[PDB]
Amino acid sequence: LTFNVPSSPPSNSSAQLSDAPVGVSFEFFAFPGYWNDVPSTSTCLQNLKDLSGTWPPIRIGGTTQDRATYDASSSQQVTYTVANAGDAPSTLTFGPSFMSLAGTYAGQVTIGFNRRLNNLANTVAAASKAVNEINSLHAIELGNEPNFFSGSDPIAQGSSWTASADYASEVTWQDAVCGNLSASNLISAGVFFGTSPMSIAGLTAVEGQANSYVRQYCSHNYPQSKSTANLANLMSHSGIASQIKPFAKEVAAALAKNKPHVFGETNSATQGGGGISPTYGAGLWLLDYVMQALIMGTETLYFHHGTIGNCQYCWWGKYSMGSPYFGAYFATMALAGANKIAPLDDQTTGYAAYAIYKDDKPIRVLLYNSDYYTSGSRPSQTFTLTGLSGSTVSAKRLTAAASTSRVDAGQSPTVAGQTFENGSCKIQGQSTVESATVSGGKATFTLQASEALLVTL
Ligand SMILES: *[C@@H]1O[C@H](CO)[C@@H](O)[C@H](O)[C@H]1NC(C)=O
Ligand SMILES: *[C@@H]1O[C@H](CO)[C@@H](O)[C@H](O)[C@H]1NC(C)=O
């Protein structure tokens with residue numbers, strides 16, 4: 001199989017990309033623990049900034065943002081109790097210094113505040129403090145996954161919680177927050193899990209003049225639950241194309257309002273992840289999902305990091321690295337300084353090829369073999385690229401022993417031979433770069449099942 005690399009961006013290219021499309025979401029209550037108690041956080045984020053030149057954008061939110069109340073007179077960043085360190089708190093408070101800690105991050109920061117408890121004055125005070133403390137503030141969410149609120153939540157005001165109820169609530173909360181802050185272009189609106197029963201298409205229809213308050217429209221996407229866990233299905237190249245397709249309408253609806261779309265919270269599987277979430281294959285999902293989502297028109301994807309020590313989809317923890325970080329790293333490397341990406345394949349098979357442009361010139365090609373592999377002879381697929389200049393190209397390979405490979409259990413993936421230190425996220429090992437001949441403007445590469453290859457032109 002053979003892909004031509006066009007000399008300028010194809011018609012099915014992505015829009016002009018963000019300086020750092022691969023971002024990170026941190027569970028609200030846990031954010032200070034990530035900054036204070038998890039030495040890998042600093043280095044894992046610095047490694048990605050080292051590739052792209054831009055700090056990964058971050059988002060601080062999740063279900064616990066709708067369990068949280070702002071305490072203007074607390075000198076604590078976050079105050080809560082849990083019976084078991086693996087549990088998320090049922091209630092918590094956060095001080096101004098929570099926003100101050102967010103404000104120490106140099107990359108774009110999105111922070112999520114509470115709408116479920118209907119404490120509008122308290123959320124307005126939190127928003128004003130966020131604007132004062134967070135120089136790199138990007139956006140503020142007013143409620144997380146409002147599609148999961150019910151008639152028993154304060155925000156529902158003793159009436160059924162419907163899509164229409166949410167959309168009207170969001171307009172009122174956008175107007176109150178922005179009116180109080182004399183602000184516009186600030187709110188990360190929707191924040192919906194999937195596209196039903198609430199959608200960006202429905203919300204945008206209702207926003208009217210409240211769109212000037214919106215910074216971006218936000219979707220959450222988790223392809224699987226612990227119950228639908230299937231690693232082959234997750235990482236499948238054509239399966240990813242199907243999986244994201246319902247969001248195309250959402251992206252269209254945001255961009256029609258001249259507002260970017262984001263996946264402001266996304267990861268492989270729900271409830272902190274299941275048995276497939278810590279695997280290399282989940283990293284390969286992440287890599288390909290990022291590329292397809294950006295071509296679809298999303299600006300940024302923010303990959304969720306949950307309870308410290310009880311999070312299967314996390315890129316890192318206190319003591320160990322996670323296989324999925326390799327997908328985030330490789331994605332960041334593929335996109336670094338790039339203006340555009342285009343799909344060279346038709347997304348009907350397991351095999352992907354993407355041309356990556358800078359200044360409307362092809363600079364890299366990303367190749368992906370999504371075939372699932374755990375035992376026996378490992379299959380492979382040859383990829384031929386045409387329209388190349390020169391005598392030679394270089395490549396870096398992402399591989400591991402198996403689709404199931406976990407860093408714990410000692411089957412760390414490698415990115416061009418390198419790994420990341422448990423407990424620090426420091427880069428380890430000698431980088432190996434592959435060479436391939438160019439003859440008649442053609443080069444051929446071989447990817448084993450469950451591999452990716454980044455070719456530099
Ligand atoms: C600001 O917030 C309050 C709720 O605290 C709301 O009643 C009021 O209408 C808001 N003011 C403006 C100007 O939007
Ligand atoms: C993108 O367009 C190219 C032609 O320029 C076509 O070969 C390829 O299949 C297309 N891919 C998709 C996913 O539309």
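The chain is numbered in sequence order, starting from 1. Both counts, for ligands and for their atoms, begin at 1 and track the order of listing.
- Which parts of ligand 2 touch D346 is read off a 4.0 Å heavy-atom cut-off, strictly below it: atoms 9 (O).
- Side-chain atoms of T64 and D66 include no donor-acceptor pair closer than 3.5 Å.
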Worked verdict on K257 versus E207 for salt bridge (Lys or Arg N to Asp or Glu O under 4.0 Å): CA-CA 10 Å; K257 294 301 196 160; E207 286 279 1; over 6 Å; no
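- In the displayed structure, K396 atom NZ is contacted under 6.0 Å by at most 12 heavy atoms of other residues, nucleotides or ligands.
- Less than 4.0 angstrom separates some heavy atom of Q347 from each of these atoms of ligand 2: 13 (C).
- Contact residues for ligand 1 (protein heavy atom closer than 4.0 angstrom to any ligand atom): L120, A121, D175, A176, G179, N180.
- Close approach of ligand 2 to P343 is summarised as follows: ligand atoms under 4.0 Å from at least one heavy atom of the residue are 1 (C), 8 (C), 10 (C), 11 (N), 12 (C), 13 (C).
- Listed here is the closest heavy atom pair of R215 and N185: CD-O, 3.2 Å.
- Under 4.0 Å from ligand 2, the heavy atoms of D345 that appear belong solely to its backbone.
- Residue contacts with ligand 2: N4 is excluded, as none of its non-hydrogen atoms falls under 4.0 Å.
- Looking at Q347 and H237, their side chains never bring a donor and an acceptor atom within 3.5 Å of each other.
- Here the options are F247, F303, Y222, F192, the test is ring pair (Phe, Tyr, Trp, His ring centres under 6.0 Å), and the partner is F263; only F247 passes.
- Using the six-membered ring where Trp is involved, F26 and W35 have ring planes that are perpendicular, over 60° apart on the 30 and 60° scheme.
- Under the 3.5 Å distance criterion, with hydrogens and angles disregarded, a donor-acceptor pair is assigned to the side chains of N211 and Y217.
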